[PDB]
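In the form solved without the DNA, a lone chain appears below as structure tokens.
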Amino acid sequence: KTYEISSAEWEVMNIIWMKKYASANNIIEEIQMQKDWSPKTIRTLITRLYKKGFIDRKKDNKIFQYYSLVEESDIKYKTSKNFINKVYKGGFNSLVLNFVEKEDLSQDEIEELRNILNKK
């Protein structure tokens, strides 16, 4: 639907959804805080996501600024659903049992998650 998307694309997309509008050079800067990717490798991620229809762009200055054409929450939920079907036999509850049985969740985190369920 909001179709396939690779690990490195998730990173570009995440920067865009958080910043709302971002230039190439912005994306390169943030990406490069945690990744040793060259500008060309990054610029090619922007190019594909633009071609695939995931993001678009306005020309503020003579400078292109990219923005999402995909709803963040929709593509993340769909992705999570493919993932849960792939790994955990199609059960979200299995995922949570696994996580909880294994992380040493702090009381604040426990409470937050309670607050999340209790919101209907």
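Here the rigid core means the biggest group of C-alpha atoms that line up within 1.5 Å when the two forms are laid on top of each other. When you see a residue number, it is the position in the sequence shown, counting from 1.
A second form of this protein, the form solved in complex with the DNA, is not displayed here; the remarks below concern that form.
Asks: Even though the partner isn't displayed, in the bound PDB entry is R43 close enough to the DNA, meaning a heavy atom within 4.5 Å?
Replies: Yes.
Asks: Just checking whether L69 would be counted as a contact of the DNA in the bound PDB entry - the rule being heavy atoms within 4.5 angstroms.
Replies: Output for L69 is no: heavy atoms all beyond 4.5 Å of the DNA.
Asks: Does any part of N118 reach within 4.5 Å of the DNA in the bound PDB entry? Heavy atoms only, please.
Replies: Result no; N118 lies far from the DNA in the bound PDB entry.
Asks: If you check in the bound PDB entry, is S38 within 4.5 Å of the DNA, heavy atoms only?
Replies: Looking in the bound PDB entry, residue contacts with the DNA include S38, since a heavy atom lies within 4.5 Å.
Asks: Within 4.5 Å of the DNA in the bound PDB entry, do we find a heavy atom from each of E4, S7 and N25?
Replies: Every residue of the spot touches the DNA in the bound PDB entry.
Asks: Since the partner is left out here, which residues of 39-65 would have a heavy atom within 4.5 Å of the DNA in the bound PDB entry?
Replies: Result: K40, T41, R43, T44, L45, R48, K52, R57, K62, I63, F64.
Asks: Core-aligned, between the shown form and the other one, one residue among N85, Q34, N93, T44 moves its CA by 2 Å or more. Tell me which.
Replies: C-alpha shift of at least 2 Å: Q34.
Asks: Superposed on the rigid core, does the Cα of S106 end up 2 angstroms or more away between the shown form and the other one?
Replies: Yes, its C-alpha moves 2 Å or more.
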